[PDB]
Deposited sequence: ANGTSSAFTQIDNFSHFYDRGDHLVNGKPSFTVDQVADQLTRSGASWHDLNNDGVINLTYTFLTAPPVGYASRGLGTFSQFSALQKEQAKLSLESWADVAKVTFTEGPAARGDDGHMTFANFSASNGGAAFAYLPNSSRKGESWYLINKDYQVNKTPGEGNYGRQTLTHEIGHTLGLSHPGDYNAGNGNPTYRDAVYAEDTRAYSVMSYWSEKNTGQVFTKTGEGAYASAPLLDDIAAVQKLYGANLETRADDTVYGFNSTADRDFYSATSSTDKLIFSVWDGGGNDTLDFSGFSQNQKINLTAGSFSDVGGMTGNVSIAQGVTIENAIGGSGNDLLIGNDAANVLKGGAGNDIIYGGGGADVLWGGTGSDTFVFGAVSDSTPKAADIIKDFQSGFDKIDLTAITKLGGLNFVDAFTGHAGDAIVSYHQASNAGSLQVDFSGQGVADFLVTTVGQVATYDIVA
């Protein structure tokens, strides 16, 4: 078998797997299947220029026929609502080839949107219309003494998500399914851990974002939402195409991607167009499980399944926090830093740069191809006696035979050290061809007792 360290890596790596199985008695849908699901109405703005350019207006007066909508008193968006609406619009624009410019309907635009408030509860908390309807572009928001949610929308609260969700609807995204409860969902992932369009909380799928008495809602399009809107209008590859840091020390310039304190409740799906990027969750003291696999979920900031990387996005680096984290790389050359605490770092393919940080860290390898002589991982701060290099997924605990030179037998391993440069290495001949087919180099000596095989 394998060590518990690898099992933990393997477990988390698969913990959020989707497709071809039942969850909560419902079929689990992959991202692509949800994208089909969320665009099942067939409605969309139409372009040609390859981009959908929409204009939008913050209504200053009721439109003709307004009074017949049974909405009561009309009111214009306050400056705060406009501000939040613009951030919400932007977060959609960041991921799909759609643009939102404030202004009156124009001949050259591809459609027009309107935002306004109403005061009669009978109208519902808020609502919008698909782009193929006669009220295409419109989204309305309730505000009265009894319902104050839309009055102060802000990063992380339902007021901001409402804006995001309603705009999503005007873009062509329908709700995940047709009193109803999650039990009536058509697919397992119909919760707001996967999509802001869902009416059901993340607790239905097991994720934990916050506790009772507190609200925590993704401010921007989540994983399936991104997939859905990109299916409709194409992926916007131009956003954040240079190097980008997400989380703490964020350079993404988006409130929902920024963290400044250990108590921040991050709920986002990373959309990124290119460059060498990092998920920096170093400011957190809670245990995290960061997965750089495209389309995968991570447990960040003491929460679970709250962070994800969109399909088609390559994120290269991850920085754990103070807790006992799991860091999982992808096929690219990754820089993974555990931070303080006892971490389990898995590089995956390519030559990775691993940092344990203080504590007692474990560097896991699941396949020979993870770290070869021609493309080897480098653990830049290996602390012998405390850190470990785990090869159990490869050896299945069969053990290794530490020697000074490969004898041609499968399982031979060579622990070397070059004092003059404080550089160490673990070479292994798994195939037994008489030469190393697996290599890991370190900064700091490595001893046979630091290896788990």
Residues of the deposited sequence that never got C-alpha coordinates are 1-2, 50-51, 183-188
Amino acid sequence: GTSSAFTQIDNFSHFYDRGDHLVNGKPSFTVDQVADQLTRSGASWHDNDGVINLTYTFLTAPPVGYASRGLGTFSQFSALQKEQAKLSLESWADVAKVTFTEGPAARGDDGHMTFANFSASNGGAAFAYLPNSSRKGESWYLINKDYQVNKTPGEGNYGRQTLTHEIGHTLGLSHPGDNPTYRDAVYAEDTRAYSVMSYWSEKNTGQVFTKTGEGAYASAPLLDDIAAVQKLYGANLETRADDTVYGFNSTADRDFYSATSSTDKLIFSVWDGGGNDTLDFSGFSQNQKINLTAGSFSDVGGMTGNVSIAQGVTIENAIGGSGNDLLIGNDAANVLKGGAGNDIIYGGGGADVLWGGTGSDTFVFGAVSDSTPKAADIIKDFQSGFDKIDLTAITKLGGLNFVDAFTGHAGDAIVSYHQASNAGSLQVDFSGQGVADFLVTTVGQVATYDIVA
From here on, numbers count along this sequence of modelled residues.
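In this text, the rigid core denotes the largest set of C-alpha atoms whose superposition between the two forms falls within 1.5 Å.
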So, in 6 other deposited structures of this protein, taking the root mean square over structures and residues of the Cα distances after a rigid core fit: is 396-404 or 51-59 the more displaced stretch? 396-404
Averaged over C-alpha atoms, is the B-factor higher for 109-117 or for 237-245 in this PDB entry? 237-245
When the C-alpha temperature factors are averaged for each of 373-381 and 300-308, which stretch ends up with the higher value in the entry? 373-381
In terms of CA temperature factor as recorded, identify the highest of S28, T57, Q37, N422. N422
Kindly indicate the residue among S360, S269, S198, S282 with the greatest C-alpha B-factor in the PDB record. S360
For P176, the third of its chain by CA B-factor is the highest
Sorting the chain's modelled residues by C-alpha B-factor, tell me whether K289 ends up in the lowest, middle or highest third. lowest
Looking at the temperature factor on the CA atom of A61, which third of the chain's modelled residues does it land in? middle
Where does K82 sit by CA temperature factor within its chain: lowest, middle or highest third? middle
State the tercile, meaning the lowest, middle or highest third, of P221 with respect to the CA B-factors recorded for its chain. lowest
